[PDB]
């Protein structure tokens, strides 16, 4: 079975709870494996709407990854030919579930917009 030590985290500072998880090996994750990858880390496979919320907080990636309900997405703020072919927004493809990509994962415990930037403590 998939093990967590086979995974690497490509978004070290989660935005609105969202990270991106890839396989260290060349072969990446099909849709079912993407869900398992997030769960091995205690996360859920992100929904496209959760990725959209992160984009509004300036979450941007340059990797295609699975989200819930069988879409592959990339999160783009700036047009880039090499990152989603100059698209902008959360770009969405409905792709056969056997295809292998990264996984967008969601962490509901995050209380900061950027998990690496503290926010003022309210007492």
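Positions refer to the first chain, counted from 1.
Enquirer: Of 84 to 92 and 33 to 41, which one has the bigger average CA B-factor?
Expert: Averaged over C-alpha atoms, the B-factors run higher in 84 to 92.
Enquirer: Quick check: 74 to 82 versus 60 to 68, which has the larger average CA B-factor in the record?
Expert: Looking at the recorded C-alpha B-factors, 74 to 82 comes out higher on average.
Enquirer: Which one of 25, 102, 105, 13 shows the top CA temperature factor in the record?
Expert: Among 25, 102, 105, 13, the highest C-alpha B-factor in the entry belongs to 25.
Enquirer: Ranked by Cα temperature factor within the chain, is residue 4 in the lowest third, the middle third or the highest third?
Expert: According to the entry, residue 4 has a C-alpha B-factor in the chain's middle third.
Enquirer: Please place residue 115 in the lowest, middle or highest third of its chain by C-alpha B factor as given in the entry.
Expert: Its C-alpha B-factor belongs to the lowest third of this chain's values.
Enquirer: What third of the chain does residue 98 rank in for C-alpha temperature factor, lowest, middle or highest?
Expert: Highest third, going by the recorded CA B-factors of the chain.
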